[PDB]
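Report on the structure given below.
We place every Cβ from the backbone using ideal geometry, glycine too, and count neighbours over all the protein chains shown. FYI, it's all coordinate maths here, none of it is from the lab.
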Amino acid sequence: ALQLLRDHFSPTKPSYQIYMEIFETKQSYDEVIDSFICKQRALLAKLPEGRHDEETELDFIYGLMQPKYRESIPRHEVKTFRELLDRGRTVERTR
Amino acid sequence: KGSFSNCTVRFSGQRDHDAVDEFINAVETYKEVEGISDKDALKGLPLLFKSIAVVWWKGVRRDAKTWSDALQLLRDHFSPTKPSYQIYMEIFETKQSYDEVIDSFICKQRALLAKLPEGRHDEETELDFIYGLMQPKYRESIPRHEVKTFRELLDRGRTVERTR
Amino acid sequence: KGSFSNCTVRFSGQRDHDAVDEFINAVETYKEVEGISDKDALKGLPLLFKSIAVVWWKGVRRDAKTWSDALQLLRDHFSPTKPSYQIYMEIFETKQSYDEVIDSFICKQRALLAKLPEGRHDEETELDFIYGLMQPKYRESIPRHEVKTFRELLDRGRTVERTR
Amino acid sequence: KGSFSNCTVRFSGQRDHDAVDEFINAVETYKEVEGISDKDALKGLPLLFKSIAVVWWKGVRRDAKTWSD
């Protein structure tokens, strides 16, 4: 009954809709990085598991961000997904 | 039995320090009052999150294995846990204005000062900052070194408030 | 080798803490270096005053009997030993303006923090009281909880100053 | 023959390389000419400061232990 409730309403939409959706919205200005990375991970977790390593997700998040963050955070500094938020919140607090 | 059925206090992630601090305080007092054990509280946690935050709990659930680390994560992801230096540069930030009741000012100052670490400031030290920031409607007739206890400031301020 | 013959440092009566403390420390240091006895040092004290203060010494000559009493009396009649709340209001009034060196700000603020009663503050809250008034030219790079002592703040301030 | 009694050259805090290097070289030269020991030279060092720098020496007194330091 739980699977029957899941099957009709949230139908596990295919891959190309998700891949076209993760690029249909950039990061608007004066928006905090926490809700952005939360919505991006929640939309990216619909993919088949085991199809993406840890390295491939980070490049997409970096490309998506506003130029408030890209000029002070360059690529190859961060590897794990937590250090991006760790180096973002300091620049946010400094403003 | 029964643990964390429902209550009025629910959390929604509104990015402000006051709401998250009141939520953490209310949950922390409810945990000691009702007698909910430590290991059983982690299972009944997503009954409170009915907001954008229930999407957030699906992402970072595996980082927490104890109640204390989960509470610290809920604090860390939403509230920047302001240090002492911003508090000290924010206390003298504003002064006292005209036509303001002294009790609201003293309540605001003590509520903004009680977030400091306990045991570093005794009773003599705190009085100096409040006396320095007093509106000169109060400082002309109430000088320093006449008051010792913290009640004496309010008890001598109410008479000057009544005298008008 | 003599006993207060002639020297450059004299005292006038300028009514400030810095000049009085400098004159007293220089005289106290000279007495220790040259090696003069306590009874011989008090006879040569009007050889240093040159101003209003010598008229002050023509009147209060019969109150001094030892060297320590005369030094404490000179500290008492001129240095007014300001209370605590004026100091705590004086620290938070003037922020660090742009284009000013770190070392002048740090030495002036340390000389202002020395006026409090001794033993009331540690080193950590001392640095926490000073970390809230610096320019954003220095606060963008070095964060809190990384600088533990009062020397490493200058050690990392001189690096950012050279970099520009 | 004495130990830093009084002299014309003093230091203020002018924040420049030339004045600081001149003052340090003149003091270092005077110590070598007059023949003063290293332990006796550090006790007489506040007899030369006359400015903001004496307030700087009232705070950082406990960091110095030798003459070279």
Which residues, taken from the range C:124-138, are at the interface with chain B (Cβ under 7 Å from one of its Cβ atoms) and either at positive phi or not in a helix (DSSP H, G or I) (or both)?
C:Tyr131, C:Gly132, C:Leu133
Flag for B:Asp63 being touching a helix residue (DSSP H, G or I) at 6+ places or on another chain (Cβ under 7 Å) and touching a residue at least 24 places away in the same chain (Cβ under 8 Å):
no
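With C:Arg120, C:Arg110, C:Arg144 as the choices, which residue is under 27 Å from C:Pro80 (Cα atoms) and assigned to a loop (DSSP other than H, G, I, E, B)? Give the derivation first.
Numbers: C:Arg110 fails: assigned to a loop (DSSP other than H, G, I, E, B); C:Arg144 fails: under 27 Å from C:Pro80 (Cα atoms).
Answer to the selection: C:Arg120.
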Of the conditions (1) at the interface with chain C (Cβ under 10 Å from one of its Cβ atoms); (2) free of Cβ contacts under 8 Å to residues at least 40 places away in the same chain; (3) within 21 Å of C:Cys7 (Cβ to Cβ), D:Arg15 fails just one. Which one is it?
(3)
Residue list for the range C:1-43, restricted to those being within 18 Å of D:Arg61 (Cβ to Cβ), among the acidic types (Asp, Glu) and either touching a helix residue (DSSP H, G or I) at 6+ places or on another chain (Cβ under 9 Å) or more than 10 Å from every other protein chain (Cβ to nearest Cβ) (or both):
C:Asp18, C:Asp21, C:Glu22, C:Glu28
When you go through C:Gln96, C:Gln86, C:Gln14 one by one, which is the residue that is outside any helix (DSSP H, G or I), free of Cβ contacts under 8 Å to residues at least 12 places away in the same chain and surrounded by 12 or more Cβ atoms within 10 Å (Cβ to Cβ)?
C:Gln14
What helices (runs of 4 or more DSSP H) completely inside the range A:1-93 contain at least 2 residues that are among the aliphatic types (A, V, I, L, M)?
A:2-9, A:15-21, A:33-44, A:54-64
Residue list for the range D:19-43, restricted to those being under 17 Å from D:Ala53 (Cβ atoms) and under 10 Å from the mean Cα position of the chain (by Cα)
D:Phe23, D:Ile24, D:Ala26, D:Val27, D:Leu42
What is the number of the single condition among (1) buried (at least 16 other Cβ atoms within 10 Å of the Cβ); (2) touching a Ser or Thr at 6+ places or on another chain (Cβ under 8 Å); (3) not in a loop (DSSP other than H, G, I, E, B) that C:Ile36 does not meet?
(3)
Single match in D:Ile52, D:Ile24 (criterion: within 22 Å of C:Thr8 (Cα to Cα) and exposed (fewer than 13 other Cβ atoms within 10 Å of the Cβ))
D:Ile24
Has the range A:34-47 got any residue that is aromatic (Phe, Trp, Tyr), more than 22 Å from B:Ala53 (Cβ to Cβ) and without any contact (Cβ under 8 Å) to a residue 60 or more places away in the chain?
no
What residue, among those in the range B:60-82 that are closer than 13 Å to B:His17 by Cβ and not in a helix (DSSP H, G or I), is nearest to the other protein chains (Cβ to nearest Cβ)?
B:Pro80
